[PDB]
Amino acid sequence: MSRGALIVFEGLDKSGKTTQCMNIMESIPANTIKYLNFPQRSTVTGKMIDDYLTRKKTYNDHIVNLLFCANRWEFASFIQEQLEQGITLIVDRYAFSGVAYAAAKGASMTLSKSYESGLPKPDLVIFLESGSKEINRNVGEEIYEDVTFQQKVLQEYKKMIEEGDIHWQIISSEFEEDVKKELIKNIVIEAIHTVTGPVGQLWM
(Lines of atoms letter the chains of each structure in order from A and count residues from 1; the text may use other names and numbers.)
(Lines give C-alpha, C1' and ligand atoms only; values in the text may rest on other atoms or scores of the structure.)
Protein backbone atom coordinates (compact mmCIF):
# COMPACT_ATOMS: atom_id res chain seq x y z
CA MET A 1 0.00 0.00 0.00
CA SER A 2 2.84 2.37 0.84
CA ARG A 3 5.70 0.00 0.09
CA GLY A 4 8.90 1.27 -1.43
CA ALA A 5 9.38 1.34 -5.17
CA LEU A 6 11.66 -0.99 -7.11
CA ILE A 7 13.37 1.12 -9.75
CA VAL A 8 15.90 -0.47 -12.14
CA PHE A 9 18.45 1.28 -14.40
CA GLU A 10 19.57 -0.52 -17.52
CA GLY A 11 21.98 0.38 -20.27
CA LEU A 12 25.13 -0.57 -22.13
CA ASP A 13 28.57 -0.25 -20.55
CA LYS A 14 29.46 3.44 -20.35
CA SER A 15 25.82 4.53 -20.63
CA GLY A 16 26.32 6.58 -17.49
CA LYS A 17 23.74 4.63 -15.47
CA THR A 18 25.97 4.24 -12.44
CA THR A 19 26.34 8.04 -12.44
CA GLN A 20 22.57 8.52 -12.68
CA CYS A 21 22.04 6.29 -9.65
CA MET A 22 24.42 8.38 -7.56
CA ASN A 23 22.43 11.48 -8.51
CA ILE A 24 19.10 9.95 -7.51
CA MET A 25 20.57 8.63 -4.26
CA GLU A 26 21.85 12.10 -3.42
CA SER A 27 18.59 13.90 -4.29
CA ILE A 28 16.29 11.75 -2.14
CA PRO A 29 15.61 11.24 1.63
CA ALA A 30 18.58 9.28 2.98
CA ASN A 31 16.85 6.81 5.39
CA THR A 32 14.15 5.71 2.92
CA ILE A 33 16.08 4.71 -0.20
CA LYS A 34 18.90 2.17 -0.83
CA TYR A 35 21.26 1.42 -3.71
CA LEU A 36 21.69 -2.14 -4.99
CA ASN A 37 24.00 -3.23 -7.75
CA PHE A 38 24.25 -6.41 -9.80
CA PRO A 39 26.41 -8.36 -9.98
CA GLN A 40 26.45 -7.93 -6.19
CA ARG A 41 30.13 -8.53 -5.37
CA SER A 42 29.74 -9.24 -1.64
CA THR A 43 28.89 -12.92 -2.12
CA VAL A 44 30.79 -15.93 -3.42
CA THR A 45 29.06 -15.99 -6.81
CA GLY A 46 29.50 -12.23 -6.82
CA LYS A 47 33.28 -12.57 -6.43
CA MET A 48 33.44 -15.32 -9.07
CA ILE A 49 31.65 -12.95 -11.44
CA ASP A 50 34.05 -10.18 -10.47
CA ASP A 51 36.95 -12.56 -11.29
CA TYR A 52 35.47 -13.31 -14.70
CA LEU A 53 34.80 -9.65 -15.59
CA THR A 54 38.28 -8.54 -14.50
CA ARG A 55 39.93 -11.22 -16.68
CA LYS A 56 41.47 -13.00 -13.68
CA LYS A 57 39.53 -16.26 -14.31
CA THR A 58 37.46 -17.98 -17.01
CA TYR A 59 34.21 -19.99 -17.14
CA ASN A 60 31.99 -21.27 -19.96
CA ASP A 61 29.31 -18.89 -21.24
CA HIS A 62 26.64 -21.05 -19.64
CA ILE A 63 28.25 -20.96 -16.22
CA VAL A 64 28.69 -17.17 -16.16
CA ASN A 65 25.08 -16.82 -17.30
CA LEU A 66 23.81 -18.86 -14.35
CA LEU A 67 26.25 -17.26 -11.91
CA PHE A 68 24.77 -13.84 -12.76
CA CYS A 69 21.25 -15.19 -12.39
CA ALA A 70 21.92 -16.98 -9.09
CA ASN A 71 23.62 -13.81 -7.92
CA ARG A 72 20.30 -11.98 -8.30
CA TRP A 73 18.28 -14.77 -6.67
CA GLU A 74 20.51 -14.51 -3.54
CA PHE A 75 18.91 -11.10 -3.06
CA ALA A 76 15.35 -11.90 -4.07
CA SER A 77 14.39 -11.89 -0.36
CA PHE A 78 16.45 -8.86 0.56
CA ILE A 79 14.73 -6.92 -2.26
CA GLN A 80 11.18 -8.06 -1.37
CA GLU A 81 11.81 -7.37 2.34
CA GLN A 82 13.14 -3.82 1.87
CA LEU A 83 10.21 -2.94 -0.36
CA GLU A 84 7.73 -4.18 2.22
CA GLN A 85 9.46 -1.96 4.76
CA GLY A 86 8.93 1.20 2.75
CA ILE A 87 12.45 1.27 1.40
CA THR A 88 12.80 2.10 -2.28
CA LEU A 89 15.46 0.26 -4.21
CA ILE A 90 17.44 1.95 -6.99
CA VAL A 91 18.87 -1.08 -8.79
CA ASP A 92 21.89 -0.90 -11.10
CA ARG A 93 21.16 -3.68 -13.64
CA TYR A 94 18.71 -6.51 -13.06
CA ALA A 95 17.20 -9.46 -14.93
CA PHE A 96 17.15 -7.41 -18.13
CA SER A 97 20.96 -7.08 -18.19
CA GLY A 98 21.09 -10.81 -17.56
CA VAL A 99 18.84 -11.62 -20.53
CA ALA A 100 20.35 -9.07 -22.88
CA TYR A 101 23.94 -10.09 -22.29
CA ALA A 102 23.30 -13.82 -22.21
CA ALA A 103 21.37 -13.66 -25.49
CA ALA A 104 24.00 -11.39 -27.02
CA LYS A 105 26.54 -14.14 -26.34
CA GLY A 106 24.28 -16.62 -28.12
CA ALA A 107 21.71 -17.81 -25.55
CA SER A 108 17.96 -17.95 -26.20
CA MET A 109 16.10 -14.81 -25.18
CA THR A 110 13.12 -16.85 -24.00
CA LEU A 111 15.01 -19.56 -22.13
CA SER A 112 16.99 -16.81 -20.35
CA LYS A 113 13.83 -15.09 -19.16
CA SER A 114 12.56 -18.23 -17.47
CA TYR A 115 15.64 -18.22 -15.22
CA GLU A 116 14.70 -14.75 -13.95
CA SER A 117 11.05 -15.77 -13.63
CA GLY A 118 9.76 -15.11 -10.13
CA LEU A 119 12.15 -12.29 -9.13
CA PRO A 120 10.46 -9.18 -7.64
CA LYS A 121 8.99 -7.21 -10.55
CA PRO A 122 10.29 -3.66 -11.03
CA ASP A 123 7.78 -0.77 -11.11
CA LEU A 124 9.98 1.21 -13.44
CA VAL A 125 12.90 0.29 -15.69
CA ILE A 126 14.84 3.32 -16.86
CA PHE A 127 16.97 2.64 -19.96
CA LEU A 128 19.83 5.08 -20.63
CA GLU A 129 20.51 5.28 -24.35
CA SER A 130 24.11 5.83 -25.37
CA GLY A 131 25.10 7.94 -28.38
CA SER A 132 28.06 7.12 -30.66
CA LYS A 133 30.47 8.99 -28.38
CA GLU A 134 29.37 6.66 -25.55
CA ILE A 135 29.14 3.49 -27.72
CA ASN A 136 32.78 4.01 -28.78
CA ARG A 137 33.63 4.63 -25.11
CA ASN A 138 34.18 0.88 -24.70
CA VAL A 139 37.99 0.69 -24.95
CA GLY A 140 37.90 -2.92 -23.76
CA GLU A 141 39.17 -2.96 -20.17
CA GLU A 142 36.46 -5.40 -18.97
CA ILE A 143 35.62 -8.65 -20.77
CA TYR A 144 32.36 -7.37 -22.33
CA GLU A 145 33.52 -4.07 -23.84
CA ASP A 146 33.72 -4.69 -27.59
CA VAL A 147 31.85 -2.68 -30.25
CA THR A 148 29.75 -5.10 -32.29
CA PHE A 149 29.06 -7.07 -29.12
CA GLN A 150 27.63 -3.95 -27.50
CA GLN A 151 25.46 -3.53 -30.58
CA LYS A 152 24.24 -7.13 -30.28
CA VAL A 153 23.42 -6.40 -26.63
CA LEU A 154 21.56 -3.30 -27.74
CA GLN A 155 19.41 -5.45 -30.06
CA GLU A 156 18.38 -7.75 -27.20
CA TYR A 157 17.49 -4.80 -25.02
CA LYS A 158 15.25 -3.62 -27.85
CA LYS A 159 13.44 -6.94 -28.14
CA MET A 160 12.51 -6.69 -24.45
CA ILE A 161 11.42 -3.05 -24.55
CA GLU A 162 9.16 -4.03 -27.48
CA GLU A 163 7.36 -6.79 -25.53
CA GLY A 164 5.50 -4.36 -23.31
CA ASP A 165 4.79 -6.35 -20.17
CA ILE A 166 7.34 -4.29 -18.25
CA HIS A 167 6.98 -0.56 -17.74
CA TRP A 168 10.08 0.77 -19.48
CA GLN A 169 11.10 4.44 -19.85
CA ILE A 170 13.83 5.29 -22.35
CA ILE A 171 15.80 8.50 -21.76
CA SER A 172 17.25 9.77 -25.04
CA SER A 173 21.01 10.13 -25.20
CA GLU A 174 20.51 13.60 -26.71
CA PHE A 175 19.53 15.37 -23.49
CA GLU A 176 22.01 17.64 -21.73
CA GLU A 177 23.44 16.07 -18.59
CA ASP A 178 21.63 18.63 -16.45
CA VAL A 179 18.30 17.88 -18.17
CA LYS A 180 18.75 14.09 -17.98
CA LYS A 181 19.37 14.52 -14.26
CA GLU A 182 16.11 16.45 -13.68
CA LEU A 183 14.06 14.17 -15.95
CA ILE A 184 15.02 11.05 -14.01
CA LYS A 185 14.80 12.84 -10.68
CA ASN A 186 11.12 13.64 -11.31
CA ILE A 187 9.93 10.30 -12.69
CA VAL A 188 11.62 8.49 -9.80
CA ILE A 189 10.18 10.55 -6.97
CA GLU A 190 6.83 10.22 -8.77
CA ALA A 191 7.10 6.43 -8.61
CA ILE A 192 7.98 6.53 -4.92
CA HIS A 193 4.98 8.72 -4.01
CA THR A 194 2.37 6.69 -5.87
CA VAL A 195 3.55 3.07 -5.73
CA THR A 196 0.96 0.88 -4.02
CA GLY A 197 -0.19 -2.71 -3.66
CA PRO A 198 1.91 -5.87 -3.21
CA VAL A 199 5.24 -6.57 -4.91
CA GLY A 200 4.63 -8.45 -8.13
CA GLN A 201 6.64 -11.22 -9.77
CA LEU A 202 8.73 -10.88 -12.89
CA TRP A 203 7.73 -12.80 -16.03
CA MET A 204 5.08 -15.01 -14.40
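Start at 1 and count along the sequence shown; that's the residue number.
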Taking the recorded C-alpha temperature factors, which stretch has the higher mean, 63-71 or 48-56?
-> 48-56
Segment of higher mean CA temperature factor, 85-93 or 123-131 | 123-131
Highest CA B factor of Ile161, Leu36, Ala30, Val153, as deposited, is found at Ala30
Comparing against every modelled residue in the chain, figure out the third that the C-alpha B-factor of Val199 lands in (lowest, middle or highest).
-> middle
Could you look up the Cα B-factor of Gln40 in the entry and say which third of the chain it sits in: lowest, middle or highest?
-> lowest
Would you mind ranking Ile170 by its C-alpha B-factor against the rest of the chain and naming the third, lowest, middle or highest?
-> middle
Sorting the chain's modelled residues by C-alpha B-factor, tell me whether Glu10 ends up in the lowest, middle or highest third.
-> lowest
